Every structure is written in C-alpha cells, then in structure tokens.
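A.B. asks: Below is a structure I'd like to ask you about.
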Amino acid sequence: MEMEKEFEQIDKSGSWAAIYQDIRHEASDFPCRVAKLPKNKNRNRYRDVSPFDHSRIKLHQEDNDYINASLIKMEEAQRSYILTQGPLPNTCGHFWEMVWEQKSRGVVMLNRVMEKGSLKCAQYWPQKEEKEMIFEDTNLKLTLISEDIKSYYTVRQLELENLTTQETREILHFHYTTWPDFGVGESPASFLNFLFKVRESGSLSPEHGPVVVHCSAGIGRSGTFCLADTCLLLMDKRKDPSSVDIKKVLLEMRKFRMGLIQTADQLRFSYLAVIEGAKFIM
Ligand SMILES: O=C(O)C(=O)Nc1sc2c(c1C(=O)O)CCNC2
Ligand SMILES: [Cl-]
Ligand SMILES: [Cl-]
Ligand SMILES: [Cl-]
Ligand SMILES: [Cl-]
Ligand SMILES: [Cl-]
C-alpha cells in the first residue's frame, strides 16, 4: 500500500545500501559470553555469528548446555522462532536434542548441504528410510518416513525417537532447495509459496514449540524467512496494516539474534516478499 510506494522511493533513490547500513549501526549489541567460551569453540560454525546470552537456547542434559541457537520471541506478532546455524558434524545430536526439548514440530532449512562446492551444513537427517541416524551422545534416533519432493522445496516426514523413553514424534522437515545461487530471487513468489506451505502445515502454531529455522549461519536467509513471516502477521493483525515498518520489525528481531539479514539485497527481497505476500492474503 504505502509500503509499496516507500519501496519504489528507495529503489529510485538507490538507498538500499544506506538503509541496510543504518540497521547494522542501530542494531542491539548484547553479550555472547557463553558462545565465546573456549570449550564452545567447536560448536560454532562461524566465529563472527554467536547467540546472545539472554536469548540462547540451553540444552538440558548434564555436561555442556551450549548450542548456537537463539529464541526470537515476537511479542506483538505472537510468534516465536528458533534460529540456529546449520549443524556441524559434532552438533547434530545437540540439534535434535534441542528440537526434542523445545517441542518443535517443524524444521525449516533454507540452504543446501553444499553450495558453490563448500560444506554449509552437516547431513543431519537420514536420506534413506533403511539407514536411520542414531545420535549416541544425546540418545536420539531419527528415521526418514517419507518425503515429498517438489520443484522448489521438499517436505520430509521424520520420526524422532527419544531412545531413553522410547517416545516418538513426527517432525516435518521443510527444505527450501532453490534459494538463488548468488544474490536473491528476481521474484518472491517461490519463497512466499514455501512460507505458506510451512504455515498450512501447522508447524508454526502456538500449540507447538517454536519452529527451528536455519540456513548456514542462521541469520541471513533465516532472517529473511522470519522477517517476512512476522511482517505479514503484523499486516493482517493491525487495523492500520500499513503502519508496519519493516526496518523497525527487523531491529526488534535483532534484539534476539545478531546479524539478521546479511545484505542490502536480502533487505530489498524481504520488502518485495512482504509487499507481494500482503497482496496475496489481500
Ligand atoms: O546461509 C545464510 O544465509 C547465512 O546467514 N550465511 C552466512 S552469514 C555469515 C557467514 C555465512 C556463510 O554461509 O558463509 C560467514 C561469515 N560470517 C557471517
Ligand atoms: Cl571454557
Ligand atoms: Cl541439501
Ligand atoms: Cl500463520
Ligand atoms: Cl512496525
Ligand atoms: Cl550485520
């Protein structure tokens, strides 16, 4: 609406880089003391991407509670997300332990395991039904039950079993497999359709623990996904639906995890997605 004209003004004035750098400058700065402890060095994929102490997810088993993951609690929009890095070969057990302990129903993956020939995320789920994964450190078993592969994303039904209690849970794995190789997409259509499929699944509902969202570092594409989702919620909730200020929402989110949205293009793409998505919900 008005937001759509604000978008055009930024585009003609070429102000995207300027707006994005204002966000980085105004962003919250809270301590990440635990993330930076010597014993956690090999639980961080990127030394420059750490959870704040105040919002980090704590693992419940006995020896080291640390995982590189943040609870993002959007109060007005009434939605919570856990944003986390793509797990490492040694933190896959921690990752599924977090999913169990936080009672998550869905996992949203926004990257491929390898991109431009670099390892961005461990193969943390089973690719074959008959080859289940056992995480001996956290005593969990994970089985591929079935998968629905579409052109722009794949949804997998996973069975997560607490080998301690033999309780099992169905986890939905929403894998957006087609984020553009460089930059962002020309159109937000495919990303928006993926978002709506996650919503339709029930994985985001408050009856469940927060959805777990990750990319490689858990801040760039992950930030895009949560920012768009939250802004679209706010546009549907408010009686003044164009009072939604995307920059303000992003700064609110950045109180809970650093660095959400990593490029001016991703900020532009987020605006595009919220604009076109708000029209879809109409
Ligand atoms: O996957 C994403 O969208 C994301 O946040 N990626 C990020 S953020 C980020 C890095 C990466 C990476 O993948 O190399 C490396 C250096 N520090 C910041
Ligand atoms: Cl230490
Ligand atoms: Cl992959
Ligand atoms: Cl929803
Ligand atoms: Cl706002
Ligand atoms: Cl940043």
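Residue numbering restarts at 1 in every chain; chains get A, B, ... in the order shown in the structure tokens, and ligands count up from 1 in that same order.
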I'd like the contact shell of residue 37 (chain A) - 12 Å cut-off, only C-alpha atoms, skipping same-chain residues fewer than 6 positions apart - returned as a PyMOL selection string.
C.D. replies: chain A and resi 31+43-44+47+50+53+64+66
A.B. asks: Dump C-alpha atoms for the selected residues as a PDB file, in the first residue's frame?
C.D. replies:
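What landed in out_13.pdb:
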ATOM      1  CA  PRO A  31      26.940 -10.103  25.333  1.00  0.00           C
ATOM      2  CA  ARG A  43      30.148 -25.706  18.482  1.00  0.00           C
ATOM      3  CA  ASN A  44      30.225 -22.503  16.393  1.00  0.00           C
ATOM      4  CA  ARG A  47      33.318 -17.252  14.807  1.00  0.00           C
ATOM      5  CA  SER A  50      27.030 -16.083  18.022  1.00  0.00           C
ATOM      6  CA  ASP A  53      23.457 -14.944  26.229  1.00  0.00           C
ATOM      7  CA  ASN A  64      27.565 -28.546  28.359  1.00  0.00           C
ATOM      8  CA  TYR A  66      25.560 -24.783  24.646  1.00  0.00           C
TER       9      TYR A  66
END
A.B. asks: May I have a table of the residues of chain A lying at most 8 Å from ligand 1, giving each one's closest pair of atoms and their distance in Å to one decimal, counting only C-alpha atoms and all ligand atoms, ordered by chain and ascending residue number, as a Markdown table?
C.D. replies:
| residue | atom | partner | partner_atom_place_in_ligand_line | distance |
| --- | --- | --- | --- | --- |
| A:46 | CA | ligand 1 | 17 (N) | 5.7 |
| A:47 | CA | ligand 1 | 17 (N) | 7.3 |
| A:48 | CA | ligand 1 | 17 (N) | 5.3 |
| A:49 | CA | ligand 1 | 18 (C) | 5.9 |
| A:85 | CA | ligand 1 | 5 (O) | 7.9 |
| A:110 | CA | ligand 1 | 1 (O) | 7.4 |
| A:111 | CA | ligand 1 | 1 (O) | 6.2 |
| A:120 | CA | ligand 1 | 13 (O) | 6.1 |
| A:214 | CA | ligand 1 | 1 (O) | 7.7 |
| A:215 | CA | ligand 1 | 1 (O) | 4.2 |
| A:216 | CA | ligand 1 | 1 (O) | 3.7 |
| A:217 | CA | ligand 1 | 5 (O) | 4.1 |
| A:218 | CA | ligand 1 | 5 (O) | 5.0 |
| A:219 | CA | ligand 1 | 5 (O) | 4.2 |
| A:220 | CA | ligand 1 | 5 (O) | 3.5 |
| A:221 | CA | ligand 1 | 3 (O) | 3.9 |
| A:222 | CA | ligand 1 | 3 (O) | 6.2 |
| A:223 | CA | ligand 1 | 5 (O) | 7.8 |
| A:259 | CA | ligand 1 | 8 (S) | 7.9 |
| A:260 | CA | ligand 1 | 5 (O) | 7.7 |
| A:261 | CA | ligand 1 | 5 (O) | 7.5 |
| A:262 | CA | ligand 1 | 8 (S) | 6.4 |
A.B. asks: Selected residues, N, CA, C and O atoms, written as an mmCIF file, in the first residue's frame, please.
C.D. replies:
data_model
loop_
_atom_site.group_PDB
_atom_site.id
_atom_site.type_symbol
_atom_site.label_atom_id
_atom_site.label_comp_id
_atom_site.auth_asym_id
_atom_site.auth_seq_id
_atom_site.Cartn_x
_atom_site.Cartn_y
_atom_site.Cartn_z
ATOM 1 N N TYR A 46 30.595 -20.313 12.528
ATOM 2 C CA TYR A 46 31.273 -19.071 12.177
ATOM 3 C C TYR A 46 31.622 -18.297 13.450
ATOM 4 O O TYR A 46 30.748 -18.006 14.272
ATOM 5 N N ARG A 47 32.895 -17.950 13.600
ATOM 6 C CA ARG A 47 33.318 -17.252 14.807
ATOM 7 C C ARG A 47 32.655 -15.885 14.947
ATOM 8 O O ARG A 47 32.589 -15.353 16.061
ATOM 9 N N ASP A 48 32.132 -15.314 13.862
ATOM 10 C CA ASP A 48 31.514 -13.997 13.933
ATOM 11 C C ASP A 48 29.986 -14.058 14.041
ATOM 12 O O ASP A 48 29.336 -13.019 13.952
ATOM 13 N N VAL A 49 29.396 -15.245 14.225
ATOM 14 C CA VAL A 49 27.941 -15.398 14.386
ATOM 15 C C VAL A 49 27.717 -16.192 15.661
ATOM 16 O O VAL A 49 27.998 -17.406 15.704
ATOM 17 N N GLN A 85 22.375 -22.049 13.493
ATOM 18 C CA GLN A 85 23.266 -22.326 12.378
ATOM 19 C C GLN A 85 22.957 -23.715 11.808
ATOM 20 O O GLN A 85 22.339 -24.560 12.471
ATOM 21 N N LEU A 110 16.876 -23.620 4.787
ATOM 22 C CA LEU A 110 16.844 -22.674 3.673
ATOM 23 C C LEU A 110 18.101 -22.729 2.803
ATOM 24 O O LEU A 110 18.301 -21.861 1.942
ATOM 25 N N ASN A 111 18.927 -23.739 2.975
ATOM 26 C CA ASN A 111 20.165 -23.849 2.227
ATOM 27 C C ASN A 111 20.274 -25.278 1.742
ATOM 28 O O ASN A 111 19.531 -26.155 2.174
ATOM 29 N N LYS A 120 28.171 -26.188 3.799
ATOM 30 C CA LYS A 120 27.461 -25.177 4.577
ATOM 31 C C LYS A 120 26.657 -25.735 5.756
ATOM 32 O O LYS A 120 26.200 -24.955 6.602
ATOM 33 N N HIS A 214 16.842 -22.598 10.020
ATOM 34 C CA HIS A 214 18.282 -22.469 9.874
ATOM 35 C C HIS A 214 18.657 -22.311 8.406
ATOM 36 O O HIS A 214 17.939 -22.750 7.505
ATOM 37 N N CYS A 215 19.802 -21.680 8.191
ATOM 38 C CA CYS A 215 20.471 -21.698 6.905
ATOM 39 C C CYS A 215 21.889 -22.162 7.205
ATOM 40 O O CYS A 215 22.062 -23.136 7.946
ATOM 41 N N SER A 216 22.919 -21.512 6.660
ATOM 42 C CA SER A 216 24.257 -21.909 7.076
ATOM 43 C C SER A 216 24.628 -21.296 8.426
ATOM 44 O O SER A 216 25.032 -22.007 9.354
ATOM 45 N N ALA A 217 24.495 -19.980 8.558
ATOM 46 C CA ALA A 217 24.810 -19.310 9.820
ATOM 47 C C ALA A 217 23.576 -19.044 10.669
ATOM 48 O O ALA A 217 23.715 -18.709 11.858
ATOM 49 N N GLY A 218 22.384 -19.178 10.099
ATOM 50 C CA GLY A 218 21.180 -18.940 10.850
ATOM 51 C C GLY A 218 20.855 -17.472 11.009
ATOM 52 O O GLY A 218 20.226 -17.100 12.000
ATOM 53 N N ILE A 219 21.290 -16.608 10.078
ATOM 54 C CA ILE A 219 20.962 -15.188 10.241
ATOM 55 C C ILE A 219 20.530 -14.526 8.934
ATOM 56 O O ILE A 219 19.736 -13.575 8.952
ATOM 57 N N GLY A 220 21.064 -14.985 7.792
ATOM 58 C CA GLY A 220 20.808 -14.295 6.527
ATOM 59 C C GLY A 220 19.482 -14.692 5.918
ATOM 60 O O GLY A 220 18.488 -13.971 6.027
ATOM 61 N N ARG A 221 19.456 -15.859 5.260
ATOM 62 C CA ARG A 221 18.203 -16.379 4.731
ATOM 63 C C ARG A 221 17.221 -16.668 5.856
ATOM 64 O O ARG A 221 16.012 -16.439 5.711
ATOM 65 N N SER A 222 17.716 -17.211 6.977
ATOM 66 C CA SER A 222 16.851 -17.416 8.134
ATOM 67 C C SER A 222 16.180 -16.117 8.558
ATOM 68 O O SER A 222 14.999 -16.104 8.928
ATOM 69 N N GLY A 223 16.941 -15.025 8.580
ATOM 70 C CA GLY A 223 16.357 -13.751 8.956
ATOM 71 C C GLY A 223 15.287 -13.340 7.965
ATOM 72 O O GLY A 223 14.225 -12.848 8.345
ATOM 73 N N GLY A 259 22.684 -9.887 13.411
ATOM 74 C CA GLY A 259 23.034 -10.018 12.005
ATOM 75 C C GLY A 259 21.928 -10.486 11.093
ATOM 76 O O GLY A 259 22.201 -10.849 9.940
ATOM 77 N N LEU A 260 20.682 -10.490 11.572
ATOM 78 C CA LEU A 260 19.561 -10.964 10.769
ATOM 79 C C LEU A 260 19.394 -10.073 9.540
ATOM 80 O O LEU A 260 19.292 -8.846 9.665
ATOM 81 N N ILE A 261 19.325 -10.708 8.359
ATOM 82 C CA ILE A 261 19.521 -10.085 7.046
ATOM 83 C C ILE A 261 20.992 -9.692 6.909
ATOM 84 O O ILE A 261 21.498 -8.805 7.610
ATOM 85 N N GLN A 262 21.692 -10.346 5.992
ATOM 86 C CA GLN A 262 23.133 -10.160 5.833
ATOM 87 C C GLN A 262 23.527 -9.230 4.680
ATOM 88 O O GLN A 262 24.708 -8.905 4.565
#
A.B. asks: Any chance you could tabulate, as a Markdown table, the residues of chain A at most 7 Å from ligand 2 with each one's nearest atom pair and distance in Å to one decimal, using only C-alpha atoms and all ligand atoms, in chain and rising number order?
C.D. replies:
| residue | atom | partner | partner_atom_place_in_ligand_line | distance |
| --- | --- | --- | --- | --- |
| A:37 | CA | ligand 2 | 1 (Cl) | 4.5 |
| A:38 | CA | ligand 2 | 1 (Cl) | 4.1 |
| A:39 | CA | ligand 2 | 1 (Cl) | 4.0 |
| A:40 | CA | ligand 2 | 1 (Cl) | 6.8 |
A.B. asks: Print the selection's residues with C-alpha atoms to a file, as an mmCIF file, in the first residue's frame.
C.D. replies:
data_model
loop_
_atom_site.group_PDB
_atom_site.id
_atom_site.type_symbol
_atom_site.label_atom_id
_atom_site.label_comp_id
_atom_site.auth_asym_id
_atom_site.auth_seq_id
_atom_site.Cartn_x
_atom_site.Cartn_y
_atom_site.Cartn_z
ATOM 1 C CA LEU A 37 33.968 -19.620 25.993
ATOM 2 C CA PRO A 38 36.973 -21.763 24.971
ATOM 3 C CA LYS A 39 35.034 -25.022 25.424
ATOM 4 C CA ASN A 40 32.419 -23.891 22.850
#
A.B. asks: If you run DSSP on the backbone, which residues of region 91-187 of chain A are strand (DSSP E), as a PyMOL selection string?
C.D. replies: chain A and resi 106-109+114-115+118-119+133-135+140-149+153-162+168-176
A.B. asks: Include C-alpha atoms and write out the residues we just selected as a PDB file, in the first residue's frame.
C.D. replies:
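Below is the file selection12.pdb, written as the result:
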ATOM      1  CA  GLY A 106       8.834 -28.252  12.115  1.00  0.00           C
ATOM      2  CA  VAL A 107      12.385 -27.637  10.957  1.00  0.00           C
ATOM      3  CA  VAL A 108      12.834 -25.056   8.204  1.00  0.00           C
ATOM      4  CA  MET A 109      16.032 -25.462   6.161  1.00  0.00           C
ATOM      5  CA  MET A 114      26.769 -27.932  -0.236  1.00  0.00           C
ATOM      6  CA  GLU A 115      26.706 -24.658  -2.170  1.00  0.00           C
ATOM      7  CA  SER A 118      31.520 -25.642   0.044  1.00  0.00           C
ATOM      8  CA  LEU A 119      30.058 -27.525   3.037  1.00  0.00           C
ATOM      9  CA  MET A 133      20.551 -41.992  12.271  1.00  0.00           C
ATOM     10  CA  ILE A 134      21.422 -42.617  15.915  1.00  0.00           C
ATOM     11  CA  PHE A 135      22.869 -39.744  17.985  1.00  0.00           C
ATOM     12  CA  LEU A 140      18.059 -39.950  19.906  1.00  0.00           C
ATOM     13  CA  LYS A 141      17.092 -41.902  16.803  1.00  0.00           C
ATOM     14  CA  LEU A 142      15.936 -40.250  13.581  1.00  0.00           C
ATOM     15  CA  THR A 143      14.212 -42.090  10.706  1.00  0.00           C
ATOM     16  CA  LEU A 144      13.117 -40.897   7.284  1.00  0.00           C
ATOM     17  CA  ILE A 145       9.474 -41.962   6.980  1.00  0.00           C
ATOM     18  CA  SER A 146       8.652 -40.351   3.640  1.00  0.00           C
ATOM     19  CA  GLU A 147       9.444 -37.322   1.519  1.00  0.00           C
ATOM     20  CA  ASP A 148       7.512 -35.210  -0.957  1.00  0.00           C
ATOM     21  CA  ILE A 149       9.953 -33.647  -3.418  1.00  0.00           C
ATOM     22  CA  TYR A 153      11.053 -27.391  -1.997  1.00  0.00           C
ATOM     23  CA  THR A 154      10.882 -30.804  -0.351  1.00  0.00           C
ATOM     24  CA  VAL A 155       8.836 -31.747   2.736  1.00  0.00           C
ATOM     25  CA  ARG A 156      10.017 -34.806   4.686  1.00  0.00           C
ATOM     26  CA  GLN A 157       8.214 -36.692   7.417  1.00  0.00           C
ATOM     27  CA  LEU A 158      10.822 -37.582  10.039  1.00  0.00           C
ATOM     28  CA  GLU A 159      10.341 -39.770  13.099  1.00  0.00           C
ATOM     29  CA  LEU A 160      12.403 -38.595  16.052  1.00  0.00           C
ATOM     30  CA  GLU A 161      12.655 -41.130  18.877  1.00  0.00           C
ATOM     31  CA  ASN A 162      13.918 -40.473  22.370  1.00  0.00           C
ATOM     32  CA  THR A 168       8.473 -40.837  19.240  1.00  0.00           C
ATOM     33  CA  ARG A 169       7.409 -37.631  17.497  1.00  0.00           C
ATOM     34  CA  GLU A 170       6.698 -36.727  13.883  1.00  0.00           C
ATOM     35  CA  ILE A 171       8.897 -33.810  12.746  1.00  0.00           C
ATOM     36  CA  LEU A 172       8.121 -32.007   9.484  1.00  0.00           C
ATOM     37  CA  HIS A 173      11.233 -31.018   7.547  1.00  0.00           C
ATOM     38  CA  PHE A 174      10.577 -28.098   5.159  1.00  0.00           C
ATOM     39  CA  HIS A 175      13.574 -27.798   2.866  1.00  0.00           C
ATOM     40  CA  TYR A 176      13.595 -24.794   0.531  1.00  0.00           C
TER      41      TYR A 176
END
A.B. asks: As a ChimeraX atom specification, please: every residue in region 3-176 of chain A that DSSP puts in helix (DSSP H, G or I).
C.D. replies: /A:3-13,16-26,38-43,92-102
A.B. asks: Excluding same-chain residues fewer than 5 positions from residue 116 (chain A), what lies within 12 Å of it counting only C-alpha atoms, as a ChimeraX atom specification?
C.D. replies: /A:111,180-182
A.B. asks: Can you spit out the residues from that selection as an mmCIF file, in the first residue's frame, using N, CA and C atoms?
C.D. replies:
data_model
loop_
_atom_site.group_PDB
_atom_site.id
_atom_site.type_symbol
_atom_site.label_atom_id
_atom_site.label_comp_id
_atom_site.auth_asym_id
_atom_site.auth_seq_id
_atom_site.Cartn_x
_atom_site.Cartn_y
_atom_site.Cartn_z
ATOM 1 N N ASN A 111 18.927 -23.739 2.975
ATOM 2 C CA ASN A 111 20.165 -23.849 2.227
ATOM 3 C C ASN A 111 20.274 -25.278 1.742
ATOM 4 N N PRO A 180 18.324 -18.683 -4.663
ATOM 5 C CA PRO A 180 19.263 -18.401 -5.764
ATOM 6 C C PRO A 180 20.730 -18.560 -5.386
ATOM 7 N N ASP A 181 21.524 -18.994 -6.371
ATOM 8 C CA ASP A 181 22.933 -19.302 -6.131
ATOM 9 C C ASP A 181 23.697 -18.061 -5.662
ATOM 10 N N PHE A 182 23.495 -16.925 -6.328
ATOM 11 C CA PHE A 182 24.065 -15.662 -5.877
ATOM 12 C C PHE A 182 22.954 -14.625 -5.776
#
A.B. asks: Extract, using only C-alpha atoms, all DNA, RNA and protein residues at most 12 Å from residue 102 (chain A), discarding same-chain residues fewer than 2 positions from it, and format them as an NGL selection string.
C.D. replies: :A and (57-60 or 69-71 or 80-82 or 94-100 or 104-107 or 207-212)
A.B. asks: How far is it from CA of residue 29 (chain A) to CA of residue 74 (chain A), in Å with one decimal?
C.D. replies: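 Straight-line distance from CA of residue 29 (chain A) to CA of residue 74 (chain A) works out to 18.0 Å.
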A.B. asks: Give me, as number ranges by chain, the set of residues whose atoms come within 10 Å of any atom of ligand 4, counting only C-alpha atoms and all ligand atoms.
C.D. replies: A: 79, 195-206, 229-230, 232-233, 236
A.B. asks: Counting only C-alpha atoms and all ligand atoms, which residues in chain A sit no more than 9 Å from ligand 5? For each one, give the nearest pair of atoms and the distance in Å, sorted by chain then residue number, as JSON lines.
C.D. replies:
{"residue": "A:231", "atom": "CA", "partner": "ligand 5", "partner_atom_place_in_ligand_line": "1 (Cl)", "distance": 8.2}
{"residue": "A:234", "atom": "CA", "partner": "ligand 5", "partner_atom_place_in_ligand_line": "1 (Cl)", "distance": 7.8}
{"residue": "A:242", "atom": "CA", "partner": "ligand 5", "partner_atom_place_in_ligand_line": "1 (Cl)", "distance": 8.6}
{"residue": "A:243", "atom": "CA", "partner": "ligand 5", "partner_atom_place_in_ligand_line": "1 (Cl)", "distance": 5.9}
{"residue": "A:244", "atom": "CA", "partner": "ligand 5", "partner_atom_place_in_ligand_line": "1 (Cl)", "distance": 4.0}
{"residue": "A:245", "atom": "CA", "partner": "ligand 5", "partner_atom_place_in_ligand_line": "1 (Cl)", "distance": 4.1}
{"residue": "A:246", "atom": "CA", "partner": "ligand 5", "partner_atom_place_in_ligand_line": "1 (Cl)", "distance": 6.5}
{"residue": "A:247", "atom": "CA", "partner": "ligand 5", "partner_atom_place_in_ligand_line": "1 (Cl)", "distance": 7.9}
{"residue": "A:248", "atom": "CA", "partner": "ligand 5", "partner_atom_place_in_ligand_line": "1 (Cl)", "distance": 5.5}
{"residue": "A:249", "atom": "CA", "partner": "ligand 5", "partner_atom_place_in_ligand_line": "1 (Cl)", "distance": 5.7}
A.B. asks: Grab the CA of residue 190 (chain A) to CA of residue 273 (chain A) distance for me, in Å with one decimal place.
C.D. replies: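 Separation between CA of residue 190 (chain A) and CA of residue 273 (chain A): 9.8 Å.
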A.B. asks: Nearest to ligand 6 among A:138, A:263, A:270, A:151, with distances taken over only C-alpha atoms and all ligand atoms: which residue is it?
C.D. replies: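 Of the candidates, the smallest distance to ligand 6 is held by A:263.
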A.B. asks: Counting only C-alpha atoms, what is within 12 Å of residue 4 (chain A), bar same-chain residues fewer than 3 positions away, as a PyMOL selection string?
C.D. replies: chain A and resi 1+7-11+242+244-246+268+271-279
A.B. asks: Any chance you can output those residues with C-alpha atoms as a PDB file, in the first residue's frame?
C.D. replies:
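again_21.pdb written:
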ATOM      1  CA  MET A   1       0.000   0.000   0.000  1.00  0.00           C
ATOM      2  CA  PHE A   7       9.727   0.599  -1.804  1.00  0.00           C
ATOM      3  CA  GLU A   8       9.695   2.495  -5.111  1.00  0.00           C
ATOM      4  CA  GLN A   9      11.190   5.592  -3.489  1.00  0.00           C
ATOM      5  CA  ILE A  10      14.109   3.576  -2.076  1.00  0.00           C
ATOM      6  CA  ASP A  11      14.659   1.994  -5.490  1.00  0.00           C
ATOM      7  CA  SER A 242       0.496  -0.205   6.525  1.00  0.00           C
ATOM      8  CA  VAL A 244       4.091  -1.969   9.539  1.00  0.00           C
ATOM      9  CA  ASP A 245       7.650  -0.629   9.364  1.00  0.00           C
ATOM     10  CA  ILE A 246       9.934  -3.422   8.131  1.00  0.00           C
ATOM     11  CA  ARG A 268      15.214  -5.461  -0.614  1.00  0.00           C
ATOM     12  CA  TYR A 271      10.333  -5.856   1.285  1.00  0.00           C
ATOM     13  CA  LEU A 272       9.365  -7.429  -2.043  1.00  0.00           C
ATOM     14  CA  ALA A 273       8.174 -10.603  -0.310  1.00  0.00           C
ATOM     15  CA  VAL A 274       6.110  -8.746   2.298  1.00  0.00           C
ATOM     16  CA  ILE A 275       4.593  -6.489  -0.406  1.00  0.00           C
ATOM     17  CA  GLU A 276       3.581  -9.330  -2.716  1.00  0.00           C
ATOM     18  CA  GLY A 277       2.579 -11.579   0.171  1.00  0.00           C
ATOM     19  CA  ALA A 278       0.307  -8.980   1.758  1.00  0.00           C
ATOM     20  CA  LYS A 279      -1.498  -8.701  -1.590  1.00  0.00           C
TER      21      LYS A 279
END
A.B. asks: For each of A:86, A:264, A:258, A:186, take the minimum atom-to-atom distance to ligand 3, counting only C-alpha atoms and all ligand atoms, then give the residue where this is smallest.
C.D. replies: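 Closest to ligand 3 of all the choices is A:86.
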A.B. asks: Could you work out how far CA of residue 89 (chain A) lies from CA of residue 125 (chain A), giving the answer in Å with one decimal?
C.D. replies: 11.5 Å
A.B. asks: If we count only C-alpha atoms and set the cut-off at 7 Å, which residues sit around residue 251 (chain A), ignoring sequence neighbours fewer than 4 positions away in its own chain? Please answer as a list in words.
C.D. replies: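 Non-adjacent residues within range: residues 23, 27, 247 and 255 of chain A.
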